[PDB]
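For reference, the structure discussed in these notes is given below.
Protein chains in written order, with the deposited numbering: chain E, 1 to 38, 46 to 60, 76 to 83, 104 to 165, 174 to 219; chain A, 1167 to 1206, 1232 to 1264.
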């Protein structure tokens, strides 16, 4: 009850509940780039590429980011199944593994972010408004709500010779 | 082997086993990446190097000294 029902571990776990959906806001919305030739204004994403002058023509062609963000959405499911099952049956060791997959799901958007930047750099201007700063707020959420959950979930430094990491009780 | 020999309850109990798990997973992703690259991220090739930290799992004087100071800071 001490590492799983403390409030400092549930403020963090509710914070991941924000970043679990903001990284889902990014992975469906295709709004993190603006092609601006000057009409041929196109808005890039992972899955659909839509050119807007209504003449809303959304289609596909980017592959790297898409493939990479199957894993960022893959670790997330795999981390929550560890996290949803670690609040019951008095097991808390499981809380730590869940914190692993949220760092990874954090860092598998950050490849995605870097992968999407190259596409806009090779292809007329660039501007991101709606879903790069979404995912750069779900990167920084999941990457840092994972490392802090990790240090909030371990037994902790003993601070005395008798105390030990991983011991009686 | 370690997992099969600790029903997963005692494996994830040792703070070093968690580090082991972390390293492994990342190292694999690295390989799969290097793969889906050529089938159709200089951060994942850093999971190979982090294995060396395990060595700190046996060294008992280094580990001890380390903890001692990391506990004062």
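Even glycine gets a Cβ: it sits at the ideal position worked out from N, Cα and C.
When DSSP states are grouped into helix, strand and coil, residue 4 of chain E belongs to the coil group.
By the 16-neighbour rule on beta-carbons within 10 angstroms, residue 184 of chain E is buried.
Here residue 117 of chain E is buried, its C-beta having at least 16 other C-beta atoms within 10 Å. Residue 1168 of chain A has a beta carbon lying at 8 Å or more from every beta carbon in chain E.
Ranked by Cα distance from residue 38 of chain E, the options E:119, E:136, E:174 and E:205 are led by E:174. If you draw a straight line from the Cα of residue 182 of chain E to the Cα of residue 112 of chain E, it is about 17 Å long. Under the 10 Å beta carbon count, residue 1203 of chain A is surrounded by fewer than 16 other beta carbons and is classified as exposed.
Rounded to whole angstroms, the gap between the alpha carbons of residue 126 of chain E and residue 165 of chain E is 43 Å. Note that the region 121 to 137 of chain E does not touch the region 50 to 60 of chain E; fewer than 3 beta-carbon pairs, one per stretch, sit closer than 8 Å.
If you ignore the 5 residues before and after residue 176 of chain E, its C-beta comes within less than 7 Å of the C-beta of 33, 34 and 162, all in its own chain and listed in chain order. With respect to chain A, the C-beta atom of residue 108 of chain E has no partner C-beta closer than 8 Å.
Secondary structure of residue 48 of chain E (DSSP, three-state): strand.
When rounded, the separation of the alpha-carbon atoms in residue 12 of chain E and residue 198 of chain E is 8 Å. In terms of Cβ geometry, residue 114 of chain E and residue 151 of chain E form a close pair [threshold 8 Å]. Annotation for residue 1242 of chain A: 1189 place their beta carbon closer than 7 Å to its own, counting only its chain and skipping 5 residues before and after. Scanning E:186, E:7 and E:136 for the CA closest to the CA of residue 1177 of chain A turns up E:136.
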